[PDB]
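In: This one is an experimental structure. Sequence first:
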Amino acid sequence: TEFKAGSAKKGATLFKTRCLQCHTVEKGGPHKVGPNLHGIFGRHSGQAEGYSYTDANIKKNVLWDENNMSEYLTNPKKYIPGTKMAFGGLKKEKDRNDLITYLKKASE
Ligand code: HEC
């Protein structure tokens with residue numbers, strides 16, 4: 001959205017051993033370490049009711065889109081007060097730029 005955009009770079013191989021380790025963009029995703037994302041971006045924070053979420057994320061309504069999301073992906077444990085998301089942060093806008101770039105795809 002605002003980033004320098006990507007180019008279907010190494011995004012797929014990213015999520016795999018980056019988010020997949022926790023999550024599942026798919027629908028069938030029964031949920032593992034984290035809730036399912038799917039075609040996020042546009043909704044208000046978490047979008048899963050069946051699965052028990054956190055009282056921090058849901059309590060944010062951080063309308064996902066592109067930059068925002070990344071804004072959290074980087075520092076999810078700061079922005080979100082009480083994020084069970086044990087990610088830490090990529091701190092590498094480089095990948096981040098590709099993350100969303102591809103994410104949007106994976107999400108769609
Ligand atoms: C495990 C070490 C994680 C990795 C790697 C990533 N995520 Fe994550 N995410 C994780 C948790 C434990 C949670 C919170 C769930 C809880 O209830 O404990 C999250 C949350 C998300 C969210 C918001 C959903 C929500 O649960 O409220 C998003 C949009 C999200 N995670 C996306 C996502 C992406 C795209 C990642 C790879 C770049 C990723 N996460 C990594 C755990 C883990």
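Out: Everything's here; your move. Numbers count the residues shown, from 1 in each chain.

In: CA atoms for contacts and neighbours, from now on please.
Out: Will do.

In: Can you tell me how far residue 79 is from residue 71?
Out: Counting by Cα to Cα, to the nearest Å, the separation of residue 79 from residue 71 is 8 Å.

In: Phi, psi for the residue lying closest to residue 103 once chain neighbours are set aside please.
Out: In this structure, residue 103 finds its nearest non-sequential neighbour in residue 11, 7.4 Å apart by Cα to Cα, 6 or more residues apart in numbering. Residue 11 has phi and psi values of phi -90, psi -50 when expressed as degrees, to the nearest 10.

In: Residue 11 against residue 102, yeah?
Out: Yes: using Cα atoms under 8 Å, residue 11 is in contact with residue 102, at 5.4 Å.

In: still on that earlier bit, number of nearby residues for the residue nearest to residue 103?
Out: 22 (other Cα atoms under 10 Å).

In: Could you pick out the residues of this protein near the ligand for me?
Out: Residues of the chain lying near the ligand by Cα under 6 Å from any ligand atom: 15, 18-19, 21-22, 33-35, 37, 45-46, 53-54, 57-58, 83-87.

In: What's the ChimeraX line that selects buried ones from those?
Out: The buried residues among those can be selected in ChimeraX (16 or more other Cα atoms under 10 Å) with this line:
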select :15,22,34,35,37,45,46,53,57,58,83,84,85
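
In: Tell me the residue of this protein that sits nearest the ligand?
Out: The chain approaches the ligand most closely through residue 85 (3.2 Å), counting by Cα to the nearest ligand atom.

In: Am I right that that residue is in contact with residue 77?
Out: Yes: in this structure residue 85 lies within contact range of residue 77 using Cα under 8 Å: 7.1 Å.
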